[PDB]
C-alpha cells in the first residue's frame, strides 16, 4: 500500500559502532571530487559512526597536519531503489565552508558517465546559507551550472542546523518532487528538461556526505568551528504507488 515503509536504515546500534557495511560503502581520498573541495574522505570511525542514540554521525574535522577529513557514504551495489519517497531525517552541520548533502547517482554510473547516468540532489546546504537548502537534478544537457534547481528557505528565519529536519524526493516515473519537512519546494518532470533525455526512470544509489570547501560553499574561515557533525536519524524509502 502507498505509505508502506519499503526499506530503511534506522541507524540502530551502540555508541561508537560503524555504519552497516551491508548497506554502506565508504568512499575515500582527497582527489577527484571536483568543485575544488578540500576534504579527505576516510573510512575511519572518527568521521562516521553511530552515536548510540539512533543516529549516524558524519564528522568533518581538521587534523593536526592541517588536512580536513570527513565521510562520503554510498549504497552503490547494495541498495538501489527505483521510485518511492526517498526521505532522510538530518540535523545538518553549520559554518563557513561546510557543505553537507543527501543525494543520489544513477545505478549505471560510472559505466554510463556523469551526467548521462543522472544525479538527484535531495538536500544540499552551504554554510553561508544557514536558513536555506537546495534540491537539483543533473542530466545530459542540464548539468552543473545548468542543473535544474530549487531552493527552500527557513523555518521562520531559523537555521536548519539547530535540529533534525526531513528531506525527501517523491520520485515516480517521469517526475520528481522535493519536500522539506513535508513541504513541496521544487519539481521536475519529463516536460521540464526540454529536448534533453530524461534519465531518472532507472535505479539510483544513495549518498550522504559532508564536504569541506568548494567553489559553491567557499572555504573555511576564522569563524568555522570544527569538528562539525551531520546527524542522520534515518534514511527511508516509502511506497508511493509506483
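Residue numbers count along the first chain shown, from 1.
Stretches compared: 208-216, 28-36. Higher mean C-alpha B-factor in the entry: 28-36.
Here 176-184 and 190-198 are compared by their mean Cα B-factor, and 190-198 comes out higher. Among 76, 96, 149, 125, the highest C-alpha B-factor in the deposited entry belongs to 149. Set against one another, the Cα B-factors of 166, 136, 163, 80 in the record reach their highest point at 163. Residue 158 sits in the highest third of its chain by CA B factor, as recorded in the PDB entry. Per-chain ranking of the deposited C-alpha B factor places residue 22 in the highest third. The PDB entry assigns residue 85 a C-alpha temperature factor belonging to the middle third of its chain's modelled residues. Looking at the C-alpha B-factors along this chain, the one for residue 55 belongs to the middle third.
When the modelled residues of the chain are ordered by C-alpha B-factor, residue 144 sits in the highest third.
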